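Sequence order for the protein chains is A, B, C, D, E, F and G.
Note that the numbering used here has the first sequence beginning at 426, numbered continuously upward.
Note that the numbering used here has the second sequence beginning at 239, numbered continuously upward.
Note that the numbering used here has the third sequence beginning at 656, numbered continuously upward.
Note that the numbering used here has the fourth sequence beginning at 26, numbered continuously upward.
Note that the numbering used here has the fifth sequence beginning at 800, numbered continuously upward.
Note that the numbering used here has the sixth sequence beginning at 1101, numbered continuously upward.
Note that the numbering used here has the seventh sequence beginning at 39, numbered continuously upward.
Quick reminder that beta carbons are idealized off the backbone N, C-alpha and C, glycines included.
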Amino acid sequence: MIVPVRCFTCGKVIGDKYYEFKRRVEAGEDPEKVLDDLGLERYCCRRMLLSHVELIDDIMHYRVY
Amino acid sequence: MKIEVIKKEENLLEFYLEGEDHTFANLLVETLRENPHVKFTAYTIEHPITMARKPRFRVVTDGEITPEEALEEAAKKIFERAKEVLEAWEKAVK
Amino acid sequence: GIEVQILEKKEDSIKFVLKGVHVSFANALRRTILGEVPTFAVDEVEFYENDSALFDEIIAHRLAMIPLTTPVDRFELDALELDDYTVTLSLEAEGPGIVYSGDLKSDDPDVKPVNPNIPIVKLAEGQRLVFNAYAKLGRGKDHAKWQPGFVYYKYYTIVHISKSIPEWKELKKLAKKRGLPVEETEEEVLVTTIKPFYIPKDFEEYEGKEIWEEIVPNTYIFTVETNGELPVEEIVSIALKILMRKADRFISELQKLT
Amino acid sequence: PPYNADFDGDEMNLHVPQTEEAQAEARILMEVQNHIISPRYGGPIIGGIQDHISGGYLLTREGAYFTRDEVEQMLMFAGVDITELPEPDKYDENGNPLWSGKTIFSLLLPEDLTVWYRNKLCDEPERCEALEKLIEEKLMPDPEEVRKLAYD
Amino acid sequence: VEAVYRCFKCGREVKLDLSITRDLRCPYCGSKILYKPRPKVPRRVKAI
Amino acid sequence: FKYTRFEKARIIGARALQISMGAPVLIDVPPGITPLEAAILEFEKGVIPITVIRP
Amino acid sequence: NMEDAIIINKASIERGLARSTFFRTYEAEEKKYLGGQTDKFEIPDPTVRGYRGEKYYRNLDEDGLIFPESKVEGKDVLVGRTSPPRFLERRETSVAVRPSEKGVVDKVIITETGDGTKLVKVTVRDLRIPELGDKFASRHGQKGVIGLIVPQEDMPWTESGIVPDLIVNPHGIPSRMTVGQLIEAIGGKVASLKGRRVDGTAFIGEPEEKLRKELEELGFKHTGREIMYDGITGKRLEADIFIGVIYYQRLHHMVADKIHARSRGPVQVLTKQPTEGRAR
DNA sequence: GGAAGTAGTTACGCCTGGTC
RNA sequence: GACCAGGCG
Ligand SMILES: [Mg+2]
Ligand SMILES: [Zn+2]
Ligand SMILES: [Zn+2]
């Protein structure tokens, strides 16, 4: 849905890094280099950013009022 | 941290350390093992869900020191070790 | 004696060597850092109106996961019994846009989100999100929200690679690539294992006798990372004081028994 | 094994007897202590399945030794009552006492039990035949002589 | 009894009484479906 | 005289049922014991008033 | 984790792993009987027949419908309803949540049926945090329930600082012969380390040899085994532990939706025997 | 003896929903 | 209440 605030495994905060990672990867930079620059060294943290889906945009359209 | 004695035979003390977990229990038993006068010391969590915070100990000494003395000395050594590591850490970080 | 030597001191993490200490005390220090040191985290939220797509439970959990700065001087963080001070973080956000953690207010200047760029919810046109979030001290052993950070250690080992080994220079170059401190002699090359040194597939045939590891007794390479709630040095100091107080409480109860 | 349950979503029904006669009938005739031996083949149906067997092999196999802390912890975990450890079998390069897995396993056997048999780990029948030949001569072989010819 | 109601297709509020009005419809877009709105009262939620 | 499993079960059940209806316990029992446990204690001690008849 | 059971991390659950919400939609229709004898949406007075406790109507509004976002527990009513008398005062036919189900009222809608009667749908959402007994599965057919929930400080950790979110017994691997799960763990670790997802197509996917070589070049053991430490005692395990990233999915067979207990209750009219079903 | 007919069975629970 | 369908072990 929306990017998790913390890594499920070790609790490192990765909420802010997702949008930077997405824009840098779309810019054409190497994903490994981007993830290293962001500070995610453990592959548990890299799993959180690499496998996340922004589903909030696709469901914001329907309101419950 | 409540102590709930279960057995008080000669040179044997079995008790529940209510309020703790593996963290303190393991440190206590491993620092008790190095005492030459202790013949058998161990601990166990009877159930991870029901007795998660009630470790159970068995302290058996040869007889020259009572198990209460052994636990007192072990806790004193734990406190001294923690203080020394704290001093070293504060010296290094500063 | 007991020696502490710092390898790499970063802003959000520290890597140090702990020497002259049994494995039990290292594991106890790691466990106390993980689950004893207290921090501030949102434990209860009062929602006045939430028109967003996320439910109240989801937003409350995301608020609880948001790290909060923990003042050190005002509160006794090494006490066995925690204080009941409650910080009221409020939010009055509406209209199109995305709500960040920097939009939260606070009744206490000290307690506030460390990172103001953490997304909370994406709001559409006309949606309003109003709540007052209450934070209190707690321990990571109860819920993961109160965990100060992350911590782990490993054995301080020196890997011996015999110089009689053909193409040992490739192993030396690999050790240099990984950044591990490496020393070489006339008969062998020693690779201090600051980080996990794993022998490649080609050299696995020598893993038995020609190349072998040597565990330095009572030495561990620790790695403590903070989430911004507390300084890492403060985390380690508070954990050590927690262990000291636990030992003191055990001594007092034991004396009470006799 | 008696229930054929495998913890992959299994559900089991629990019935509470209500009359004292029914409770006595259940507790005397149907308790799980009994029914260890199967009426089908006269053999044990309640026994170790996977981890018990594999851990037993890792314990009692050749060259498997354990440190004092491990021995005390495993004995306390198993529930075995004990106030003194047996004499260690080996000594480490640092002088640390080490216990064999066979001694730890023997700590929980009846003091009168005596039996011999070949298990599934027999790959060289010559060693088993040598052990049987040693046993058949007097039925009470010298323990050190058996330890010389010990086989997995 | 006058009760506050929210339409389905449009989010703007509609006022009527179900017991009296035989026919329920938003009198602006002709929508037969309505939302009972969330009362403006505090709600206490535990963040766990 | 060796009781079978079924004879033992019937004797213990009848004794527990009697105890639950006010029949005095023939031994001393710990407080809080359920009537079935009292009957089992009675049988283990050996004071068994009920006798089984066989053809 | 013996016998296909699964061991899971408490800290991972508390951070959102495998969290889910369950939705149920109750329906109440204002039925129009013959002769103009209609039923009414209202909070019934205690003078009506079949009246439940006055506590069960705590969240109801004067209209007869429960306010949204109001916490509702078992047996609490959502649509207070009274029907014309047919006993041989108005009978009660209100709609309440199922006896074993709780939650929060997410949405209350009001509408009109095909024939013209009023119809209301109430949706209740219940937060289901994973607990013991919930069924988890992988894409390779390894079903299992949570046998234990272990704190993070009790979980083993790797020399690289990796803590498992889940532990599976090795005894379930060889009897099932799922080498694909091990290859998927290797591929998941390689994908996380690379920052590029691994192609696992049926016959043109990345070969296992390439994945092992890439894992070797990334700085890890090619076998996927890593040196692990025991959380409880603090010493490293004797064997190198196989660890990786596997895509696990939580199934809808939750233990909260299956537990059932009946001391005594309703019976069938014909046979006087207990009724059938968890719902009744 | 056929050569067709006829009848009688074909694991045990459990859960969900939907329509009569 | 009995019919159907889908699942679970
Ligand atoms: Mg099964
Ligand atoms: Zn992580
Ligand atoms: Zn409208």
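Which residues, in order along the region 172-193 of chain G, keep a beta-carbon less than 7 Å from a beta-carbon of chain C? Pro189, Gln190, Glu191
Can you list, in chain order, the residues of the region 829-842 of chain E whose Cβ is nearer than 9 Å to any Cβ on chain C? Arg837, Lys839, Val840, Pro841, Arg842
Given that a residue counts as buried once 16 or more other Cβ atoms are within 10 Å of its Cβ, and exposed if not, what is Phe61/G? Counted from its first residue, the seventh sequence places residue 61/G at position 23. Classification for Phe61/G: exposed.
Would you grab the beta carbon distance between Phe433/A and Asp203/G for me? Rounded to a whole angstrom, and I think it's under 8 Å. By 1-based counting over the first sequence, the position of residue 433/A is 8. By 1-based counting over the seventh sequence, the position of residue 203/G is 165. Indeed they touch by this definition, with Cβ atoms about 6 Å apart.
Segment limits, alpha helix (DSSP H) that includes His260/B: As a first step, residue 260/B is located in the second sequence; it is residue number 22 there, counting from the start. Looking at the DSSP string, the run of the alpha helix (DSSP H) that includes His260/B is 260-271.
Using a strict less-than 7 Å threshold between each residue's beta carbon and the heavy atoms of ligand 3, what residues do you get? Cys806/E, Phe807/E, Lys808/E, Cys809/E, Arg811/E, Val813/E, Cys825/E, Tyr827/E, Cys828/E, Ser830/E
Got a sec: which bits of the region 261-280 of chain G sit with their beta carbon under 9 Å from any beta carbon on chain C, in order along the chain? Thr261, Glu264, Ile265, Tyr267, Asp268, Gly269, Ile270, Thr271, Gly272, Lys273, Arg274
Any contact between the region 846-855 of chain C and the region 322-330 of chain B? By contact I mean 3 or more CB pairs, one from each, below 8 Å. no
Does the region 866-879 of chain C come within contact of the region 803-813 of chain C, defined as at least 3 CB pairs closer than 8 Å? yes
Distance cutoff 7 Å, beta carbons only. Does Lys809/C sit that close to anything in chain G? Mapped onto the third sequence, residue 809/C falls at position 154. So yes, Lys809/C belongs to the interface.
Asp31/D: CB within 6 Å of a non-hydrogen atom of ligand 1: By 1-based counting over the fourth sequence, the position of residue 31/D is 6. Because some heavy atom of ligand 1 lies under 6 Å away, the Cβ of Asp31/D counts as near it: yes.
Under 7 Å between C-beta atoms of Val86/G and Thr131/G: For the purposes of this step, residue 86/G is identified with residue 48 of the seventh sequence, where counting begins at 1. For the purposes of this step, residue 131/G is identified with residue 93 of the seventh sequence, where counting begins at 1. Not closer than 7 Å, so no.
Closer than 6 Å to ligand 2: residues, by C-beta to nearest heavy atom, in chain order: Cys432/A, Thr434/A, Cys435/A, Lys437/A, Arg467/A, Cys469/A, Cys470/A
For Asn705/C, which option in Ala748/C, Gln660/C, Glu869/C has the closest C-alpha, if you only look at C-alpha atoms? As a first step, residue 705/C is located in the third sequence; it is residue number 50 there, counting from the start. Nearest C-alpha to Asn705/C: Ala748/C.
To which residues of the same chain is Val428/A closer than 6 Å at the C-beta, ignoring the five residues directly before and after it? Along the first sequence, one-based indexing puts residue 428/A at 3. So the qualifying residues of the chain are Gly440, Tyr443, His477.
Can you find a C-beta in chain A that's less than 7 Å from the C-beta of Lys145/G? Reading the seventh sequence from its first residue, position 107 is the one you call residue 145/G. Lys145/G counts as touching chain A.
Helix, strand or coil at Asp94/D [DSSP, three-state]: Walking along the fourth sequence from the start, residue 94/D turns up at place 69. The answer is helix: DSSP assigns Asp94/D an H, G or I state.
Are the Cβ atoms of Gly218/G and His178/G separated by less than 7 Å? The count along the seventh sequence starts at 1 and reaches residue 218/G at position 180. The count along the seventh sequence starts at 1 and reaches residue 178/G at position 140. Yes, the Cβ-Cβ distance between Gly218/G and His178/G is below 7 Å.
Best match in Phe786/C, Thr812/C, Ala894/C, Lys674/C for proximity to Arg794/C [C-alpha to C-alpha]: In the third sequence, residue 794/C corresponds to position 139, counting from 1. Looking at the Cα atoms, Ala894/C is the closest of the given residues.
Quick one, which of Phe786/C, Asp739/C, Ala734/C has its alpha-carbon nearest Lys896/C's? For the purposes of this step, residue 896/C is identified with residue 241 of the third sequence, where counting begins at 1. Nearest C-alpha to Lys896/C: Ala734/C.
Is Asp172/G near ligand 1, with its Cβ less than 6 Å from a heavy atom? Here residue 172/G is taken as the residue at index 134 of the seventh sequence, counted from 1. Incorrect: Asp172/G has no Cβ contact closer than 6 Å to ligand 1.
Can you tell me whether DSSP reads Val171/D as helix, strand or coil? Start at 1 with the first residue of the fourth sequence, and residue 171/D comes out as number 146. Helix at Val171/D.
Just the C-alpha distance for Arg685/C and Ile241/B, rounded to the nearest angstrom, thanks. For this step, residue 685/C is matched to residue 30 along the third sequence. For this step, residue 241/B is matched to residue 3 along the second sequence. Cα to Cα, the separation comes out at about 25 Å.
Can you look up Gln287/G in the DSSP assignment and give me helix, strand or coil? The sequence position of residue 287/G within the seventh sequence is 249, counting from 1. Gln287/G falls in the strand class under three-state DSSP.
Contact set between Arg93/D and chain B, taken where Cβ atoms lie within less than 8 Å: On the fourth sequence, residue 93/D is found 68 positions in, with the first residue counted as 1. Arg271, listed in chain order.
For ligand 1, any of its heavy atoms closer than 6 Å to the Cβ of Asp35/D? As a working mapping, residue 35/D is identified with position 10 in the fourth sequence. At least one heavy atom of ligand 1 is nearer than 6 Å to the Cβ of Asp35/D, so yes.
May I ask which residues mark the beginning and end of the alpha helix (DSSP H) holding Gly690/C? By one-based count along the third sequence, residue 690/C stands at place 35. Segment 678-690, the alpha helix (DSSP H) holding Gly690/C.
Pair within 7 Å by beta-carbon distance, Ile279/G and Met266/G: Here residue 279/G refers to the residue found at position 241 when the seventh sequence is read from its first residue. Here residue 266/G refers to the residue found at position 228 when the seventh sequence is read from its first residue. Yes, the Cβ-Cβ distance between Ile279/G and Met266/G is below 7 Å.
Compare the beta carbon distance of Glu1142/F and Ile1153/F with 7 Å and say whether it is the shorter of the two. Here the question's residue 1142/F lines up with position 42 in the sixth sequence. Here the question's residue 1153/F lines up with position 53 in the sixth sequence. No, Cβ-Cβ distance for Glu1142/F and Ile1153/F is not below 7 Å.
Contact check, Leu898/C vs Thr743/C, beta carbons under 7 Å: Counting from 1 along the third sequence, the entry for residue 898/C is found at position 243. Counting from 1 along the third sequence, the entry for residue 743/C is found at position 88. No, they are not a contact pair.
For a minimum of 3 consecutive residues, which ranges assigned as the beta strand (DSSP E) are wholly contained in the region 176-263 of chain G? 182-188, 204-206
To the nearest whole angstrom, what separates the beta carbons of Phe79/G and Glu68/G, a pair I think is in contact under 8 Å? On the seventh sequence, position 41 is the one that residue 79/G refers to. On the seventh sequence, position 30 is the one that residue 68/G refers to. About 6 Å; that satisfies the 8 Å criterion.
One question on the structure: do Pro305/B and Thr299/B come within less than 7 Å of each other, judged by their Cβ atoms? Translated into positions along the second sequence, residue 305/B becomes position 67. Translated into positions along the second sequence, residue 299/B becomes position 61. Taking 7 Å as the Cβ cut-off, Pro305/B and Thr299/B qualify as a contacting pair.
What residues from the region 807-820 of chain E come within 8 Å of chain C, judged by C-beta to C-beta, listed N to C? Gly810
Please name the residues in the region 428-440 of chain A whose beta-carbon is closer than 8 Å to at least one beta-carbon of chain C, in chain order. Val428, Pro429, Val430, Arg431, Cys435, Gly436, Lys437, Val438, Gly440
With a threshold of 7 Å between beta carbons, is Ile74/D in contact with chain F? Sequence index remark: in the fourth sequence, residue 74/D carries index 49 (1-based). By this cut-off, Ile74/D is not an interface position.
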